[PDB]
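Read the single chain below, which is given as structure tokens and is the form deposited in one PDB entry.
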């Protein structure tokens, strides 16, 4: 019983998080399905550390101080269940397993309940920050069996990104799958932000005809203002980056985006619970569309765009327009994200601290933005805040960007530039701010062909069927949603 904690999984996240814990003075026992990788790790990256290895689960468990604490950082899915099944017979009541991978929240909820019945404390925790964050200070979103929290708080908050006054970007999120749900939403917002950034870049490149380094500079400048954020920052660096041959690397890269599930899950959750998280939807679909690379090559030969477009305006003015469009859309991204969190708390009874979640994102986090503090403030003033757009800071920002936003989109449309996210964000804003929508026509159509019934504005809750054609029956469908 010499090791403070064990970690399973020796890819980018596992190796780096191990070294982080080591640097903070914790003895860590490393393990991996492919056992050869343990030795390779101890002989290289962990060469001069306190890290110890195991050749088997049995051995790994035996090295742990009680209550034993084991972290899993492996590919999400069956692998996590595989390890749990093997560990349970080796563990004692009160022992703790922490899944730090990108697992679906429903899986986490299930595992949490199963293991609790067996006396084992299960934590499902989101980890943000990628390689760098794992190595030096990640954002941690722990949820599950809170009985575990007291036994992991010290390590977790110990290694977590610290901000300003030294406050850790890691606090208990809530019960069962709450941690992984929050992490899911984190990735939804991330997907959205990345896609919007791509659309800005596409406008800079193809409407304004800017050079790679010129665009790098634009992002670098944007990073000093309201758009101050991790993603804007690295985009600037990416645009600057030169390959060993002196040419820029980005233009050499294949334009087919991968995805590993979290974005998709966010969109699916939104659909299942009826939350209009439109940006994430378009972001995921945009990745799918880019995957059709071969099709797009084919299509580019037959489908023509706007034939006669030339940008005849002030490039500098339009660049600023792009900036403001990006800012407003970024705001919608986050607002939708928080709508989804609020909906989850309602669906599952999780007591989520929205302001707190915002604070956890200030460091070691992919969606770190200068305005996360503003989000916290918003929920402080009004914990029941129904939407970020209703808070003054965000309402004002969007109001100030609105003109530029519409200008950028209209121009984009005229130029033939794909802006799935810019447009969906604006459509959402325009939809959400409208007291009357044409959805009443949808109701009329449904009642007309399917007898689904509808309600009058003047008396909501009472459903009616109308004999639209004058030749229909009286027997209608029932009024229900599904």
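Numbering follows the first chain given and starts at 1. Here the rigid core means the biggest group of C-alpha atoms that line up within 1.5 Å when the two forms are laid on top of each other.
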>> Compared with other deposited entries of this protein, is residue 308 missing coordinates in at least a third of those that cover its neighbours?
In response: yes
>> When the Cα temperature factors in the entry are averaged, is it 295-303 or 309-317 that ends up higher?
In response: 309-317
> If you average the Cα B factors in the entry, which is higher, 52-60 or 447-455?
Replying inline: 52-60
>> Highest recorded C-alpha temperature factor, please, choosing from 80, 96, 289, 332.
In response: 332
> Of the options 413, 426, 437, 29, which has the highest CA B factor as deposited?
Replying inline: 29
>> Going by the CA temperature factor in the PDB record, which third of the chain does residue 109 belong to: lowest, middle or highest?
In response: middle
> Relative to the other modelled residues in the chain, which third contains the C-alpha temperature factor of residue 92: lowest, middle or highest?
Replying inline: highest
> residue 382: which third of its chain by C-alpha temperature factor?
Replying inline: lowest
> What third of its chain, lowest, middle or highest, does the C-alpha temperature factor of residue 85 fall into?
Replying inline: highest
> Among the modelled residues of its chain, does the C-alpha B-factor of residue 172 lie in the lowest, middle or highest third?
Replying inline: highest
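The next section is about a form of this same protein that is not shown, the form deposited in another entry.
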> Relative to the superposed core, which single residue of 223, 291, 157, 400 shows a CA shift of 2 Å or more between this form and the one not shown?
Replying inline: 157
>> After superposing the rigid core, is the C-alpha displacement of residue 31 2 Å or more between this form and the one not shown?
In response: yes
>> Superposing on the rigid core, I want to see if residue 90 changes position between this form and the one not shown - specifically a Cα shift of 2 Å or more.
In response: yes
>> residue 132: after superposing the rigid core, is there a C-alpha shift of 2 Å or more between this form and the one not shown?
In response: yes
